[PDB]
Amino acid sequence: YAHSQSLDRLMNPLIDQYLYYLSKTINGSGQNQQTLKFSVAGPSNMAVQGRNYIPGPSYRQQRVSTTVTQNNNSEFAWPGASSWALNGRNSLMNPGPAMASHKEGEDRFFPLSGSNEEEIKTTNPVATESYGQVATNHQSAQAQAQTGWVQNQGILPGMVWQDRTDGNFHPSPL
Amino acid sequence: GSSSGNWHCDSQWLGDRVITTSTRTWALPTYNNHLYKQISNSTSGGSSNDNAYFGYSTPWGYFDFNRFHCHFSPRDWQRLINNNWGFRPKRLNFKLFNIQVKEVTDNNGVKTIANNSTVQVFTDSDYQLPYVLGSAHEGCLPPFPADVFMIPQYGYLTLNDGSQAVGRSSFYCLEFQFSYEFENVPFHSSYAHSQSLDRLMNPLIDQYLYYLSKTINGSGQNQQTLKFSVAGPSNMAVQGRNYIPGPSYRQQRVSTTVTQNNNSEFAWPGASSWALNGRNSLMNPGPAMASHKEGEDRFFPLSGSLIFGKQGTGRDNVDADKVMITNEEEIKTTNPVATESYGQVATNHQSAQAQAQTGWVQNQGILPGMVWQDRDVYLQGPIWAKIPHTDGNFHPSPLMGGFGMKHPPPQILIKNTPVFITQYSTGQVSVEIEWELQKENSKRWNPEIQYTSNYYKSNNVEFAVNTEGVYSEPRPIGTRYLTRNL
Amino acid sequence: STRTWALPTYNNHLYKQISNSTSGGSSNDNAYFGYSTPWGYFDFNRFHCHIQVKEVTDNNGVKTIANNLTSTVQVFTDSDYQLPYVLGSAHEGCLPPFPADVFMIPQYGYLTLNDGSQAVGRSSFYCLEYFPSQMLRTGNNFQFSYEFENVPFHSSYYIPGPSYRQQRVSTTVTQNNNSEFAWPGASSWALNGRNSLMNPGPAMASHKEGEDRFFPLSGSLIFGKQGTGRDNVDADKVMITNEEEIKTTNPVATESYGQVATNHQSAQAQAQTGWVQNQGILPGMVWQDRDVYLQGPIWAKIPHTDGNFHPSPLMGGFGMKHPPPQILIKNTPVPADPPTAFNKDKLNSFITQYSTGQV
Amino acid sequence: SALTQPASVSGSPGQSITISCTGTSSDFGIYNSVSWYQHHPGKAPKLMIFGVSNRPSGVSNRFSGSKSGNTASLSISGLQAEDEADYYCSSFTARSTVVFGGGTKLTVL
Amino acid sequence: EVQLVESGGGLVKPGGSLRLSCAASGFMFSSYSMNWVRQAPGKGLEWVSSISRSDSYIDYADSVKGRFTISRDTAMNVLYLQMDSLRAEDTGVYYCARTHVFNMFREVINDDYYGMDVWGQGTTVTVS
């Protein structure tokens, strides 16, 4: 089957949550304007609502366009590809964890070694996109708030996902 | 003309089990004037692609008791968290009675209310509808039994592209007592580990394992050496440990003293997020992680803590003192801090010409041997949420707290049968839940910490009404007071 | 197996607080708060591992040992797991490897919550005297049985398992950099603002195939040879184990897990990649756990929590939620002569005494 | 007054520092009260230590204290540039007044 | 977030009178002792007066005794220091602090003193 909802839209569109988020960290343009203002997470702004579950793990792929002109004019077939090295022997990552091949609307891009899978895009991150962002540093009056990209993310508690010795995790094969 | 039920509110404490009945009075308007109506962001203007949604709005209302305080009075909660190491629901009994259907007529310019019909109510026990009870929405039974409440509307989001729909979207046309049996779920832990993960060692005795103490003799050239030492009580950071702290995904550190914060709008740009299908979605609350280092308690993770509003709090751009910020201080022992890195890792191979270089770990997934505590539940916070139906999940317990279930209590839908004629209904709702408890057997000598209401002198009584009849809850209440060994 | 044991009298029959402030205070990573008890414990937790009472009197200048028949020895098991459980930290004081050896029974003490050397309000103080125990004179005996809970067979014989990269040290000192990278270089996991070394860490191969002179800085169980000094011993004085057996299904502890593309190629940008230093569990990973050795610990207790993943411990052995209980023992204090007038103070003068026997 | 405390102390980053104030008669530290305050110029003073050595929720572990005989001392470890402030010691007195020392300005180099 | 904000500091010729108010927010103002301290220019902190939990016990530093009156309205949490017959030594920065007790339910009549818990940024009173 294929889901009729997406992992982030499980909410009721018609009601506010009783939870709050931090909407505004400064009054306005100026100097020494710091402030804290909180808002109700609700149907107006859904992106900021608190959620009980988060999408599955991701190990990024290179994005190859089926229109050859879009692709860079160089030999990125082997150097570009994401792989796992074992015993000093580099082994290409194929097919890789189950991940959506492309965002909604882009049919000409496929992950290099990741082959489309679009049906699982609801709960599964896109193969050619970052999993998210993460704060790199603390903030203070001197330093700005920074965020780094997440190229790979392993299992965390609460993740759900769709599929395509001493121990193993979710043995279902790739 | 003859009553269809009685009024049951009370709590029986029998041995290891708790039976909490609650009854309220409800009022059900007529939503959508008996229609189903497509809604989307474009009706609301749909400025951002992160907030773009599509879905329908249905006339039906739903009963939502999903928050703890619905079933517990603050005393029963104090009695619960102080004397127990765990709890979990067993049975669910539900009754609906004293139905009253009013019709409103406008005669001349004044309105008249007189009796009239039937009421449609059913439960979905096959889980064929979208499940909206898990998002921590409003419309739940009032904490205080003398409040009469309004029933929330029922609507469901489906697959979208921007505002537009897609061929895989679905349309659901939804076209008294029952009992329920909770499926077996783990006892929610309501204790704080006395010991930290790193201190599990015996302080009096050395390990027999060795570590590398010195890589050089002294300052100079060609001083390389390898020296080893015994890992023991003198230096505890270096000992070999069987278990390591749980996963982390770092949060930005916001300070409640505003002059320490950076003078820029980093509320959305700075925040941690997880992109899905091209829609950046804030990470909230995120994995269970402590809020702050000891002494840093003024700091709180940006998106990483449940925030509850005080009684009467406005909807938009309220100040900081209008909101109650919870903090997972209790779980600091086994979990990394939400504002700090999980550690360091080596970034290269040392050699004669190259120094050994390490770098931070901002996010860390599960590794074998990790242990962690889940996020706490509160008097206000949710009870359950439905585990999404998928090929896989890991540690399904929800991130906002409570009991994750593959078959939660079903949705209970209600509407007024159409006749149109302006009409509304009212009645009584009694919901009974059986709870099971886990007693503390601890032999700890010194006295536990307990949740106490400070003997205070003030104008009003906490967890009680003020002079205008407005019930109010002063602070968020955690479940973790008693202690247990790690 | 059977050994002959000797039990001293610890702390002169006192419970004593111990914080690093007694040890000088060290630094924040090393700060600890806890208590030390007069009770000793039996620890047979290591593989190679598989009543009499005396009093001491100094008469003139010489000491004289003489049987005390009426003395008692208190011993109990904690089968409810209500004490801190220290048998899983691989401490010394186990039964000796060689049956003709007589050993000293270690002292039992426990660490609790602490900020620096000070104790928070969540701290616990366990009085072992508050446990019912069996009191044994020279003719009485003590015995009990135990049943191990079901645990998977230890193994002696898709994508590779997770990795958290370790720094690479070489046994040829010329190869190693001329700087002190022992602490700065090492991989660590920080908890509550205390940086703690990653040891041994996840189970990972020690080195690439063909290079046996490189060992991960904090990734292996390093054992000392017979009669090895306590501090700053040389390299040849310690036995470094290597995990190379698991190189088939596990990444190398000194190497990156692999690569991941860091950007979107196009006519304006070349395809970029980056190194993966650490990788959490993914679906489809298979891995071997760490081996056990003749000197290695047999079991360890799974810390009681809401969650865990693959609980089998990182130093090897069998992780168990109900391991074998701790067996605590002490010499029942027999005071010296009390005064002839009541003094409410507790008696601080005890007969010097110790006891011995068999296991 | 009534509590003698040195005019100023200084130290390089990383070095421990012992600030100590002394008092007279009995009332010094009557009940358990010897309390150390951190006053940054122009901002609210903070209660670093309450009691002889107990330290409140907000305070960092670096700060510590003890009282030996007639002398109580605040010991700062892991010194930083953010620890530069004025430091006062106080003790409740027998007439239910509090008494502040003159205070030591700690200048970190 | 517990905050106490001082107000009413200003410039008054000697012999005049100034009233200082402390607006308490975020906590129960009637459950705590409250007291005023004073920092003269170029000097360390000094204590002025105090007022108990139930207002039974009012205390005064020896120097200002009889010239100041401390009292709290309590209808709306606020604190008041009436400064009368000011001198040249009354120049300073006045702070509003609250003695901190973890448990307000006493178990014993003589309780060890724990010191002030929450402070204001203080207002400047100047005499000429």
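Protein chains in written order, with my numbering: chain A, 916 to 1089; chain B, -2 to 483; chain C, 0 to 358; chain D, 3 to 111; chain E, 123 to 250. Virtual Cβ for every residue (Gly too), placed ideally from N, Cα, C.
Residue i versus residue j: straight-line alpha-carbon distance, rounded
i	j	result
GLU210/C	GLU326/B	46 Å
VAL275/C	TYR375/B	39 Å
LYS69/D	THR21/C	17 Å
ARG193/C	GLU179/C	21 Å
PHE146/B	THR115/B	21 Å
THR109/D	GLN117/C	27 Å
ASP305/C	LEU32/B	46 Å
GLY273/C	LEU483/B	39 Å
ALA183/E	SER172/E	9 Å
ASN181/B	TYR205/B	43 Å
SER153/E	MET226/E	8 Å
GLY87/C	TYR974/A	36 Å
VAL11/D	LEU94/C	55 Å
8 Å Cβ shell around residue i - same chain, five flanking residues per side excluded
i	result
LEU201/B	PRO230
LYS436/B	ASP13, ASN80, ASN81, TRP82
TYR236/E	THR221, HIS222, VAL223, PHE224
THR69/C	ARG136
Any chain E beta carbon closer than 8 Å to residue i
i	result
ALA46/D	yes
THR253/B	yes
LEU108/D	no
Cross-chain neighbours of residue i in chain B, by beta carbon under 8 Å
i	result
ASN63/D	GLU291, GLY292
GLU229/E	Per Cβ cutoff of 8 Å: no residues; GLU229/E is ~11 Å from chain B at best.
Candidates the options, of which the one nearest residue i by Cα
i	options	result
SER450/B	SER439/B, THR336/B, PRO471/B	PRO471/B
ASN34/D	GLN17/D, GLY44/D, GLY53/D	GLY53/D
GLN264/C	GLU1044/A, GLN949/A, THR1080/A, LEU1071/A	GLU1044/A
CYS67/B	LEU273/B, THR253/B, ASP7/B, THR414/B	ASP7/B
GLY283/B	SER186/B, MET397/B, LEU410/B	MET397/B
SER185/E	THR99/D, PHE65/D, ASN63/D	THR99/D
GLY943/A	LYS952/A, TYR936/A, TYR935/A	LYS952/A
Residue-level contact to chain A via CB, residue i, 8 Å cutoff
i	result
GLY306/B	yes
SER132/B	yes
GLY283/C	yes
Cut-off 7 Å between Cβ atoms - residues of its own chain near residue i, not counting five sequence neighbours on either side
i	result
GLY356/C	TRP4, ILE50, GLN51
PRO407/B	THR120, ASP121, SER122
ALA335/C	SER348, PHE349, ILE350
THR246/E	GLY131, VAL215
8 Å Cβ cutoff, residue i in contact with chain B
i	result
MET150/E	yes
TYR936/A	yes
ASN967/A	yes
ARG175/E	yes
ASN225/E	yes
Cut-off 6 Å between Cβ atoms - residues of its own chain near residue i, not counting five sequence neighbours on either side
i	result
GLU429/B	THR18, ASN90
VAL320/B	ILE304, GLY306
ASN241/C	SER205
Cutoff 8 Å: residue i Cβ touching any chain C Cβ
i	result
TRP999/A	yes
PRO242/B	yes
Contact with chain D by residue i, beta-carbon distance below 8 Å
i	result
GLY115/C	yes
Any C-beta of chain F under 8 Å from that of residue i
i	result
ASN27/C	The question asks about chain F, but that chain is absent: this structure's protein chains are A, B, C, D and E.
Under 9 Å from the C-beta of residue i: neighbouring residues of chain B
i	result
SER153/E	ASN451, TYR452, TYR453, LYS454, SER455
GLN16/C	Those within 9 Å of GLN16/C in chain B number zero; the least Cβ separation is about 11 Å.
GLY31/D	Here the premise fails: no neighbours, minimum Cβ distance about 25 Å.
Residues that residue i contacts on chain A, provided the C-beta gap is smaller than 7 Å
i	result
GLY52/B	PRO928
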